[PDB]
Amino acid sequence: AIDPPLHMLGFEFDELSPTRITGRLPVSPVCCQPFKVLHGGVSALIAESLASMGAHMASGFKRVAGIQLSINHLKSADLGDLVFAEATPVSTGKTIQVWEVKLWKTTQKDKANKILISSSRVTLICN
């Protein structure tokens, strides 16, 4: 509950390191836009949170701010699916960092096969 929005959505962190942040989100009702699919805004919120955590870590816990996000929503995910997120750096300098955040789903019917649903690039200035 230090990212309260992520906590509220039921996101759970797996790995944190300066080169990689992962976690998971069961797609629950609070996560959905009204057709019982995952809200694209929730994918965007995830991308921003994990990229900012990554950047903080990669910068020596100096202050960072997201200044641009670009996200592609590739496929929908349904209520009851499970989403996996992974953030990694595309570029780290002293001033600008760029992170990529990928989201994949698995379903009730098929739980093995991670299907890419979202891909994002987050640009951050590191103070």
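We number the residues from 1 along the sequence you see.
Participant: Please work out which of 43-51 and 28-36 has the higher mean CA B-factor as recorded in the PDB entry.
Facilitator: So the stretch with the higher mean C-alpha B-factor is 28-36.
Participant: Taking the recorded C-alpha temperature factors, which stretch has the higher mean, 109-117 or 6-14?
Facilitator: According to the entry, 109-117 carries the higher average C-alpha B-factor.
Participant: Per the entry's Cα B factor values, which of 101, 74, 98, 82 stands out as the maximum?
Facilitator: Most elevated C-alpha B-factor of the set, per the entry: 82.
Participant: Lowest, middle or highest third: which one holds residue 69 when the chain's residues are ordered by CA B-factor from the entry?
Facilitator: Within its chain, residue 69 is a lowest-third residue by C-alpha B-factor, going by the deposited values.
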